[PDB]
């Protein structure tokens, strides 16, 4: 019943010391890892992965605990769902395929895995792309009234268990659909392929998958923020060549641009806005694919 949205891609379960990572794998050439975010799975890359697979070996992975990847047991510090630990686990998965130096693009939570990977283990990356995010530390520094209202789920889903888990169990379909529609330019579900929405809905229907998501946001409020704070306080910048794409209707337009922000975090970064809400690869697949192909080539 779940549609195969990756023509010409294999399906691989990749072992790691924290559990299996599921990926769709297609193409040939230099390796490129794609990492989704919340509340999605690897299938959010389905409109851009084919164009990338024209030039690259493309690995489209479910994040630890998301989609069909295994769910490592968490702990009081949410360790397996911190971006530092997720990056270590995906480094292990890439080693199983023999990739120790690869290109990486991430969106939303997956982009947070990606820039933490670049900060911790820059030798792993040839090039890095992040889609419609700023660093977790920056979004918390920005958490005034306006941001607390727009980005409320960062604090709501980080409340101690079982508060968000209990609330999410009454009507999971409504919540996942709201968290897809809300930051799109259209404000509805029309930018998404209905078969992709069903993948997201089925995943969100499982209480164990929702608990993982809450652990991700708990990590995002605590350890991820502290890890980012150490890099800011040390003046550490990503040295990996980097691309920051963002939605003109995504990150609230403001003071600096997102490129101005990323230049404080990275010594070789280019960027561009895309006519899009938050979900660049689905709302604006042609522009997003074109920008990634040009950057990664």
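Numbering follows the first chain given and starts at 1.
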- Message: Mean CA temperature factor from the deposited coordinates, higher in 280 to 288 or in 6 to 14?
- Response: 6 to 14
- Averaging the C-alpha temperature factors as deposited, the higher value of 254 to 262 versus 226 to 234 falls on 254 to 262
- When the entry's CA B-factors for 43, 245, 52, 35 are compared, the highest one belongs to 52
- Per the PDB entry, which option out of 207, 80, 110, 170 has the greatest Cα B factor? 170
- residue 135 - Cα temperature factor, lowest/middle/highest third of chain: lowest
- Message: By the recorded C-alpha temperature factor, relative to the other modelled residues in its chain, which third is residue 218 in?
- Response: lowest
- Ranked against its chain, the third holding the CA B-factor of residue 163: middle
- Query: In terms of the CA temperature factor given in the entry, to which third of its chain does residue 195 belong: lowest, middle or highest?
  - Reply: highest
- Task: Select lowest, middle or highest to describe the third in which the CA B-factor of residue 189 falls within its chain in this entry.
- Result: middle
